[PDB]
Structure formats: structure tokens, C-alpha cells
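# Observations on chain architecture
Each chain, letter by letter, is given below.
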Amino acid sequence: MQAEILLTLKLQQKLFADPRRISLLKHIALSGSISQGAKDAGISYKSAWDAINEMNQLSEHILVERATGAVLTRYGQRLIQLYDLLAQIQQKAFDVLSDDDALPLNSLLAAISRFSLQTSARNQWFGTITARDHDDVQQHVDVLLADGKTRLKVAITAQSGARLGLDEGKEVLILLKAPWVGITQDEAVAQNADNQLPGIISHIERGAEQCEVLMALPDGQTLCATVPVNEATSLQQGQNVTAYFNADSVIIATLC
Amino acid sequence: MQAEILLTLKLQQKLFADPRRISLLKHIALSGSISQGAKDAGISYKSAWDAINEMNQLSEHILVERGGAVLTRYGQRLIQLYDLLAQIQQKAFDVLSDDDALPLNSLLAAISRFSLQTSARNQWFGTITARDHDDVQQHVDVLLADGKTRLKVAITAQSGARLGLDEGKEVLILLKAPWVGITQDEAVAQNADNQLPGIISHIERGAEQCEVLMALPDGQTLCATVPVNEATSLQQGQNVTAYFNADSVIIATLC
Ligand code: MOO
Ligand code: MOO
Ligand SMILES: [Cl-]
């Protein structure tokens, strides 16, 4: 149903971790024998003793000493935890980024966001940092959406701006939680916010305390916003509205 | 240390992709022919071929075609997916390549470290303990990785289902600084869906904004961006209560 990937780990032009090799380090921890491990995994205490004296060496920490004066070392234990994990990634990055005509939309950042974690934000957009100040506490950056026609002002702490490398040209991902988006026909109300997105209500579902207003954007895309009732009562479908939100109500996401 | 990660990819229990088959396909794209495309990589012009149609054998497609040989849409893709995965795994290694800095052996905690990075100054790992069925906006309750403090979050119904946010599900809590206030009027604190008592450890004053750092009983640090407007009585080493609402937090889960 799938395919199997094998993680080979080379350390300074040579070999360090082979699937069969990690199998040895694990079988030597469950057997506790210099050989029984080499045995419990298709090796002959040779490709095993040779792949170890050369594995302890290449490694910055002995992975298996003797017994008391075949036993491992904490670092040998972390190597197993590390590899196995590095093995899990593969499968998922592979399971995701899976294939074909069905899913695909952009590259690197756009593709990593596909297997990486996912957020509850109903509005996620890709853009590019076109500017940024240098306020000692809170800074503001300008983002030009992948549509090259939409501008947005976002605010983040300086420590954050510095670590994500939000410099000019940086490709980002705008995470806007539906509740941070307002809908209005009152161009005045929309114009008081830092961000405005014109559009028409393509759908409106009214709950008991909240309402999910879906807005069709000139893009074709849909902006989602959760508006209370005492604010989303006059709103109707097919109406020309304007989504608005302030710069401090947005999260940024970069690979850095 | 100073390590490279060569990636061996196999399907149907057979060598499908290999760094060499890739350099084979990449040079076929550079030279345009299998002929040169072979030497410019690693001999056997007279082998590469059964190796290219063996992959055309393993995928049912025809990775590479044929004056000379031109890659396919599936050939360049498979080339981009390998190289892509080649980076991902390289990073994953390097970011994680530590001596004692574990992501709680959680794919989540681990993935979060090398994959997309967010600007939220407050990110805590937790586990969903509950969730309602309200049609429009639901509410999930979280129990952080300290098994004590419970948070309450609000998400759209589609987000609740699309992520599988049910009991036991592991999540990462994203809380941007500006959505967190810090008071002492228990009336303000108790009024917010969320409240976390602490003690101010530092206060960065600015022309209009302040950056208050409160140390959580955890021993960590919560960060809030407070308008000097709402930071007139805030001082250092003071027992305060940080507060935020349920609809001001984003959840990040796996798949
Ligand atoms: O599901 Mo959200 O986090 O309200 O956009
Ligand atoms: O630095 Mo922020 O204000 O948590 O995105
Ligand atoms: Cl509701």
C-alpha cells in the first residue's frame, strides 16, 4: 500500500547507521551479548564487531563499552531514540507530499506545511515580507500575499521577529483564527482596522451564540469568520462586505 | 557531529530510488540523453537503462522516456520529492542533533522543532480532555504537559473535526503575546475563560507597548505584550494573574 524508506547515516565520508545496524544496537540491548545481538539480526559478530569499533570511533561518544570491569551507553540509547524518530518523519513526510493531481500547491514552505503540524486557523495564507521596522518591543512587518495584489500589516514581538528572520523577502504563512475576523458593510468600520479584505458573503450559518460567515474572495478563495449574533444578524448571503482585522491578531509561520 | 544522510528508497521490496539513480535522472535532465546521462554519474551506460525501466517497472509509469531520453512529469516530480525529503530529513537531523534536548519523544514535539516555526511567544504542549458538539463554534479543554493546568479553547466545528481534537489527542497551544493581559483585579482574571497566576520577572517599556515576562509556577516564562495603557500599575516581582479568552488561542496538531 505504501513504500519503505531506509535511513542511511554517514558520518564524515563512511558509514555510521544502517537499518540493519540500528537493529544490532537494539538487539544488543535486549540480549546484552557481544554476539547474540549480531546474531539476533543477520550479522556474524564480524560485520557487527567491525561496524561497532568503527561506530564507537566515528561517534563522539562510546556507544557500547564491555560489560563490567556487551552493554550500551546513554548516548547509544539516544542514538536509537533519534534514529527511530528520524525514521518516523520519513514515513509521514513521505505519506504526506504523497502524490498526484489531487493535492499540490507550491513548494518548500508550502509543502512542508503539508506534513508538518496543522493549526485550527480557518484562514491560512502564503505571502512575502516586504518591510519591517525595528521597534524594541513590538514590531510591524508588511506582507504581500502569494496573490501579489494583497497587502497586510502584521505585528509581532521583536524577539519573535528576530528569531523567525522576518527580514525583507522572507516567505511566510499567515494564520488568522476565524474569531479575529470581522464582517461589515460599514466601510467605515472596516477602514478603522489595519486589514481590510473586500468580498461577498457566500454563506451564513447562524448558531445560538456564534455564526460562521464564509466570504467568497475575489480570488475564489473563502475567508472564514466566527461572528456573534448581536453583530451578525443583519448579515445576509450575497451581500458585499469587507473582512477586517488588526495586525496584532495574526500569527506568522516560517521555516527559519 | 558532521553528518550527511543518504536516503535509500525502495518499493515492492526492491531498490526503487537511490542517490545514484537520482543523479542519473538529474543528469539525464542536464545532458538530455541516457548515454551521457550515465557517465556523468556512475558508469555502465549499459546498466542505467534496466535501472530506469525497473523504476518504470516499480511505479507502473515511465519515469524517464526516450533522439535522447527526456524525463516525465512523474520523473521530475519523483526527483523533487526525493530532494525535498532529502532536506526535510537533513534538517530533522541537524535540529534534533543534540546531546540532551528531547521533544518528549513525541512526533509532535519533535516535528514542531524543525518544521514550520510560529511567532506565538506562548506555546505549550497539552492534551485534549474534552470537546463539545456545538454546530458553529466548539470548545475544547486542554490539560498541559504538567497534568495540572487546564486551558479552554474555542475553534470552528470544521477545525474541531478536521484535526481530530478528541480526548487524548496531543496538541500544541499557540498564544500570541497581545492576546494575554496581566492583572490583579481578580474580577478581571476570573472573568476571562483563562487565567494563569504568576509573578512578573521582567518588564520591557516602550513608546506605546510593554513586554511583560511572567514566570509560571512551572519555572518557565509567559510573555505578554501590554499597552502602556494597561501597564500603568504593573511592576517587577509582583504576584499577578495572566489572562486570555478561549477564542484567542490556536491549536496545532499532527495530521
Ligand atoms: O477553527 Mo479557528 O482556530 O476558530 O480558525
Ligand atoms: O511575537 Mo508574537 O506577538 O507572539 O506573534
Ligand atoms: Cl453555537
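Note: the structure precedes this text.
Now for a description of the structure that goes with this document. (Residues numbered from 1 in each chain as written, not as in the entry; some residues may be left out. Chains lettered and ligands numbered in written order. Heavy atoms only, no water.)

## Brief notes about the overall build of chain B
Scanning chain B from N- to C-terminus turns up eight helices and 13 strands. Expressed as lengths along the three principal axes of its C-alpha atoms, the size of chain B is roughly 80 × 40 × 35 Å. Side chains of chain B carry 21 positive and 29 negative charges; the gap between the two charge centres is 12 Å. (Helix = DSSP H or I, 4+ residues; strand = E, 2+ residues; numbered from the N terminus. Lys, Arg positive; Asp, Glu negative; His and termini not counted. Charge placed at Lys NZ, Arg CZ, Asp CG, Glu CD.)

## Comments concerning the site of ligand 2
Lining the immediate environment of ligand 2, one finds A:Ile156, A:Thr157, A:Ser160, B:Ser119, B:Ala120, B:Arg121, B:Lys176, B:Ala177 and B:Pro178. Mapping the residues near ligand 2 onto chains gives chains A and B. One of the side-chain nitrogen or oxygen atoms of A:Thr157 is found 2.6 Å away from an oxygen atom of ligand 2. Between an oxygen atom of ligand 2 and a side-chain N or O atom of A:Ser160, the distance comes to 2.7 Å. (Near = heavy atom within 4 Å. Polar contact = N/O pair within 3.5 Å; in protein donor to acceptor, adjacent residues only side chain to side chain.)

## So, the pairing of strand β11 (residues 222–227) of chain B
Residues and elements named next belong to chain B. Buried residues dominate β11, accounting for five of its six residues. The pairing of strand β10 (residues 209–215) with β11 spans six bridges and is classified as antiparallel. Of the residues in β11, the one forming a bridge with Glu 211 is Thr 225. (Buried < 20%, exposed > 50% of the residue type's maximum accessible area, 1.4 Å probe, protein only. Pairing = 2+ DSSP bridges.)

## Re the sheet that holds strand β1 (residues 3–11) of chain B
Neighbouring strands of a sheet are bound in pairs by backbone hydrogen bonds; such pairs are parallel or else antiparallel. Overall, antiparallel pairing links the three strands, which are arranged β1(A)-β1(B)-β2(B) in an open sheet. Single-partner strands in this sheet number two, and they are β1 (4–11) of chain A together with β2 (14–17) of chain B. Across the sheet, the mean angle separating the axes of adjacent strands is 45° when strand polarity is ignored. Bridge analysis of β1(A) against β1(B) gives eight bridges, and the strand direction is antiparallel. Bridge assignment links A:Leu7 to a residue of β1(B), and that residue is B:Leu7. With respect to the sheet, helix α1 (residues 19–31) of chain B is in contact with β1 and β2 of chain B, its orientation differing from that of β2(B) by roughly 40°. Across the sheet, helix α5 (residues 73–96) of chain B lies against β1 of chain A together with β1 and β2 of chain B, angled at about 140° from β1(B), the strand it touches most. (Axes fitted to C-alpha atoms, helices over the stretch in contact; angles between N-to-C directions. Contact = heavy atoms within 4.5 Å.)

## Re the site of ligand 1
Close to ligand 1 lie A:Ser120, A:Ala121, A:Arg122, A:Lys177, A:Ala178, A:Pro179, B:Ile155, B:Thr156 and B:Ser159. The residues that come close to ligand 1 belong to more than one chain, namely chains A and B. Contact distances for ligand 1 include 2.6 Å between an oxygen atom and a side-chain N or O atom of A:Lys177. Between B:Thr156 and ligand 1, the recorded distance is 2.8 Å, taken from a side-chain N or O atom to an oxygen atom. Across the shell around ligand 1, the residue classes tally to four nonpolar, three polar and two charged. (Nonpolar A, V, L, I, M, F, W, Y, C, P; charged D, E, K, R; others polar.)

## Points about unusual backbone geometry
Notably, A:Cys256 is not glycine yet its phi reads approximately 25°, a positive angle. With respect to the helices and strands, A:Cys256 occurs in the segment after β12 (251–254). Looking at A:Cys256, the relative accessible area reads 48%, which means it is partly exposed. For B:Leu104, which is not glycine, the phi dihedral falls at a positive 50°. Tracing the chain through its elements places B:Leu104 in the loop between α5 and α6 (107–114). Relative accessible area serves as the criterion here: at 63%, B:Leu104 is assigned to the exposed category.

## Examining the packing of helix α4 (residues 74–95) of chain A against α6(B)
Running from N to C, α4(A) and α6(B) point in directions that differ by 75°, and their axes come no closer than 11 Å. With respect to each other, α4(A) and α6(B) are oriented roughly perpendicular. Every residue of α6(B) that contacts α4(A) at A:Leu85, A:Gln88, A:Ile89 and A:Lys92 is listed here: B:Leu107, B:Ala110, B:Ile111 and B:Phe114. The class makeup of the residues in the contact of α4(A) with α6(B) is six nonpolar, one polar and one charged. (Parallel < 35°, antiparallel > 145°, perpendicular 65-115°, else oblique.)

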